[PDB]
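J.: Shown below is the structure under consideration.
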Amino acid sequence: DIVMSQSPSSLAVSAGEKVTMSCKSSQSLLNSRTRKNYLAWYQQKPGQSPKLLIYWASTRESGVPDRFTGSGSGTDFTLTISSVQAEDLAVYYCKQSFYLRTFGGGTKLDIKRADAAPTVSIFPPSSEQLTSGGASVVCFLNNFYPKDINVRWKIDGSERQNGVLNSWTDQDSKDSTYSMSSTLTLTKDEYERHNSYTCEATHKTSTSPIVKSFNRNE
Amino acid sequence: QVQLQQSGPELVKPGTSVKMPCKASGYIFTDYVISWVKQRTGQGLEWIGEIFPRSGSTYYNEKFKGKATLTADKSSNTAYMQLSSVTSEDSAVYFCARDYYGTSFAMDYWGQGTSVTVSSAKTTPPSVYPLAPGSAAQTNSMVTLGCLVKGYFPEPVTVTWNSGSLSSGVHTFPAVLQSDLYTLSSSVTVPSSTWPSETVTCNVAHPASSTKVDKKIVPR
């Protein structure tokens, strides 16, 4: 019967910066015992199972470095990270063990960084795929920041606006960059009716697009 | 070592029951409660219920009463959770965790989670394709290769490079759904002087079909 409210939903600071986030419970989490409010903080990185950082409001878990600091009492709790590192990218959850359990909504930590431009690559379909009536052209836009980027496909110079499927990576825990994949999918027979294929990346870092192309005949 | 071992990704049909395990090792099974946690892809952690194998008492999040049933087999040091009459809304990752019963009330060791995908649909293995350059080049100090993983169901698949021994340079993209089939790709970047002279292979695993593909990336 206890509900949990984390804020903010999302959060962005540069490496070296201090950050804090808030967790409130609909009822007090302190039964007695000097301290021991029943409140714990977990860190969940992309594609990983959660990790316990702090329990009893303020007690750091074994092997957790001291730059993570929990504080507060009753129905108001805080997690602080001093000297943020790119490795800290995660969703941060508070959980309440007073009665049963309730996880707060979570706070996403996004790192702020220095703009950088994408390294673009283009790949023509494989012999195998053109072997099953399928032709996927794949364009990688790697290690860029910020996360805004627009991709434009061209077939013999004509912009193509369907069969296009885009996917962004998690922000990288080592250099705080993003990468993206764009896949243009056609039938083999449709692929074989054109020669030049092009992906054009428009990113804040240059007002002139980065162009990569190949020719079927190439 | 303290360790919680869960079953692999599963596809189940709507309306069926699915029972999943969490095999404990490295600690006193009857001294710690086991908690179960649900996570829809890209959404938050949601507590389902807990059990204390010593007594077998169960406590539940109201929302999961009439849906989840928690059991523990002391003889095998295994806890189980069971979802009944499943729907697409039960598609999620489900974790077990050892919620310490040493007075520090927290879960300090977690399972790797079991992905459950409730659909009627046929579980399809994916085709892996090599992504090698077209016979053109630039920024030659480094070279980028990839794997295309297309036409599988359900999630997830695992992509590694040279059995994890190629670690640096790797981006694996979130899967996206096309007409009831998933598709993702992985990129890897190496010294222009190491390829093709030394081998580069992506290793794709699709647990739901028990498929393991190794695609060597060969030039042209």
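Labels used: A, B, ... for chains in the order of the structure tokens, numbers from 1 for residues in each chain, and numbers from 1 for ligands as shown.
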Skipping near chain neighbours, those fewer than 5 positions away, what residues fall within 9 Å of residue A:210 using only C-alpha atoms, listed as number ranges by chain?

T.: A: 118-120, 199-203

J.: Those same residues - N, CA, C and O atoms - I'd like them written as an mmCIF file, in the first residue's frame.

T.:
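Contents of result_26.cif, as written:
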data_model
loop_
_atom_site.group_PDB
_atom_site.id
_atom_site.type_symbol
_atom_site.label_atom_id
_atom_site.label_comp_id
_atom_site.auth_asym_id
_atom_site.auth_seq_id
_atom_site.Cartn_x
_atom_site.Cartn_y
_atom_site.Cartn_z
ATOM 1 N N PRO A 118 29.614 11.772 -36.719
ATOM 2 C CA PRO A 118 29.560 10.331 -36.860
ATOM 3 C C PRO A 118 30.578 9.820 -37.869
ATOM 4 O O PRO A 118 30.897 10.539 -38.814
ATOM 5 N N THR A 119 31.101 8.615 -37.663
ATOM 6 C CA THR A 119 31.839 7.919 -38.723
ATOM 7 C C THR A 119 30.828 7.066 -39.457
ATOM 8 O O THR A 119 30.194 6.177 -38.866
ATOM 9 N N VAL A 120 30.665 7.328 -40.742
ATOM 10 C CA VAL A 120 29.607 6.682 -41.490
ATOM 11 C C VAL A 120 30.160 5.549 -42.357
ATOM 12 O O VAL A 120 31.248 5.645 -42.931
ATOM 13 N N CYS A 199 23.556 6.711 -48.511
ATOM 14 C CA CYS A 199 23.004 7.244 -47.261
ATOM 15 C C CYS A 199 23.696 8.564 -46.898
ATOM 16 O O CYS A 199 24.931 8.685 -46.971
ATOM 17 N N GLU A 200 22.879 9.560 -46.541
ATOM 18 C CA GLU A 200 23.355 10.897 -46.199
ATOM 19 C C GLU A 200 22.968 11.248 -44.773
ATOM 20 O O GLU A 200 21.774 11.333 -44.439
ATOM 21 N N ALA A 201 23.999 11.490 -43.964
ATOM 22 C CA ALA A 201 23.867 11.833 -42.554
ATOM 23 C C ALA A 201 23.970 13.343 -42.323
ATOM 24 O O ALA A 201 24.994 13.951 -42.592
ATOM 25 N N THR A 202 22.893 13.932 -41.826
ATOM 26 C CA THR A 202 22.859 15.338 -41.473
ATOM 27 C C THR A 202 22.922 15.443 -39.955
ATOM 28 O O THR A 202 21.977 15.044 -39.270
ATOM 29 N N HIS A 203 24.037 15.972 -39.450
ATOM 30 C CA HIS A 203 24.286 16.090 -38.007
ATOM 31 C C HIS A 203 24.724 17.504 -37.625
ATOM 32 O O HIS A 203 25.359 18.193 -38.400
#

J.: Give me the residues within 7 Å of residue A:15 as a ChimeraX atom specification, counting only C-alpha atoms and dropping any in the same chain fewer than 3 places off.

T.: /A:83-86

J.: Store the residues of this selection in a file with N, CA and C atoms, as a compact mmCIF listing (two decimals), in the first residue's frame.

T.:
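Writing done, so here's selection05.txt:
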# COMPACT_ATOMS: atom_id res chain seq x y z
N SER A 83 31.19 13.90 -8.89
CA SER A 83 32.15 13.53 -9.94
C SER A 83 31.63 12.42 -10.86
N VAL A 84 30.51 12.70 -11.52
CA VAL A 84 29.89 11.76 -12.44
C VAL A 84 30.90 11.25 -13.49
N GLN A 85 30.84 9.95 -13.77
CA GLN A 85 31.66 9.31 -14.80
C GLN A 85 30.75 8.74 -15.88
N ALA A 86 31.29 8.54 -17.08
CA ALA A 86 30.51 8.03 -18.21
C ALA A 86 30.01 6.63 -17.95

J.: Report the residues of stretch 2-86 of chain B whose backbone DSSP state falls under strand (DSSP E or B), written as a ChimeraX atom specification.

T.: /B:3-6,10-12,18-25,33-39,46-52,57-60,68-73,78-83

J.: Which chain A residues have any atom within 8 Å of an atom of chain B, and for each, what is the nearest pair of atoms with distance in Å to one decimal, counting only C-alpha atoms, rows sorted by chain and number, as CSV?

T.:
residue,atom,partner,partner_atom,distance
A:38,CA,B:105,CA,6.8
A:40,CA,B:106,CA,6.6
A:48,CA,B:112,CA,7.7
A:49,CA,B:112,CA,6.0
A:50,CA,B:110,CA,7.2
A:51,CA,B:108,CA,7.2
A:52,CA,B:108,CA,5.7
A:55,CA,B:106,CA,6.4
A:56,CA,B:104,CA,7.2
A:93,CA,B:45,CA,7.9
A:97,CA,B:105,CA,6.5
A:100,CA,B:59,CA,7.1
A:101,CA,B:47,CA,6.4
A:102,CA,B:47,CA,6.4
A:103,CA,B:46,CA,6.3
A:105,CA,B:44,CA,6.4
A:106,CA,B:44,CA,6.8
A:121,CA,B:144,CA,7.3
A:122,CA,B:133,CA,7.3
A:123,CA,B:133,CA,5.7
A:124,CA,B:134,CA,6.4
A:125,CA,B:131,CA,7.6
A:126,CA,B:129,CA,6.5
A:128,CA,B:129,CA,7.2
A:129,CA,B:129,CA,7.0
A:140,CA,B:187,CA,7.7
A:165,CA,B:176,CA,7.8
A:167,CA,B:174,CA,6.2
A:168,CA,B:173,CA,6.6
A:169,CA,B:173,CA,5.4
A:179,CA,B:171,CA,7.5
A:180,CA,B:173,CA,7.4
A:181,CA,B:173,CA,6.9
A:214,CA,B:134,CA,6.7
A:218,CA,B:135,CA,7.0

J.: Check the DSSP output for the backbone and give back, as a list in words, the residues of stretch 165-200 of chain A in helix (DSSP H, G or I).

T.: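 In stretch 165-200 of chain A, DSSP puts these residues in helix (DSSP H, G or I): residues 188, 189, 190 and 191 of chain A.
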
J.: List as a VMD selection string the protein and nucleic acid residues near residue A:109, meaning an atom at most 7 Å away when only C-alpha atoms are counted, but skip any in the same chain fewer than 3 places from it.

T.: chain A and resid 10 to 12 89 to 91

J.: Env of residue B:159: 7 Å cut, atoms = only C-alpha atoms, seq-sep filter 4 positions within chain, self excluded. Answer as an NGL selection string.

T.: :B and (202-205)

J.: Fewer than 5 positions away in the same chain doesn't count, so skip those; otherwise give me all residues within 9 Å of residue A:171, counting only C-alpha atoms, as a list in words.

T.: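 What passes the distance filter is residues 89, 110, 111, 147, 176, 177, 178 and 179 of chain A.
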
J.: Just the selected residues (C-alpha atoms), exported as a PDB file, in the first residue's frame, please.

T.:
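Once everything was written out, this is out-v1.pdb:
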ATOM      1  CA  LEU A  89      25.009   5.834 -17.300  1.00  0.00           C
ATOM      2  CA  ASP A 110      22.187  10.735 -19.488  1.00  0.00           C
ATOM      3  CA  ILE A 111      25.648  12.187 -19.822  1.00  0.00           C
ATOM      4  CA  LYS A 147      21.826  12.070 -30.198  1.00  0.00           C
ATOM      5  CA  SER A 176      29.331   9.051 -23.847  1.00  0.00           C
ATOM      6  CA  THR A 177      28.611   8.884 -27.623  1.00  0.00           C
ATOM      7  CA  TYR A 178      25.697   7.520 -29.609  1.00  0.00           C
ATOM      8  CA  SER A 179      25.649   5.352 -32.692  1.00  0.00           C
TER       9      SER A 179
END

J.: One decimal, in Å: what's the spacing between atom CA of residue A:208 and atom CA of residue A:142?

T.: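 Straight-line distance from atom CA of residue A:208 to atom CA of residue A:142 works out to 17.2 Å.
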
J.: Need the shell around residue B:20: protein/DNA/RNA residues with any atom at most 9 Å away, counting only C-alpha atoms. Skip same-chain ones fewer than 4 positions apart. Format as a list in words?

T.: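 Here the qualifying residues turn out to be residues 6, 7, 79, 80, 81, 82, 83 and 114 of chain B.
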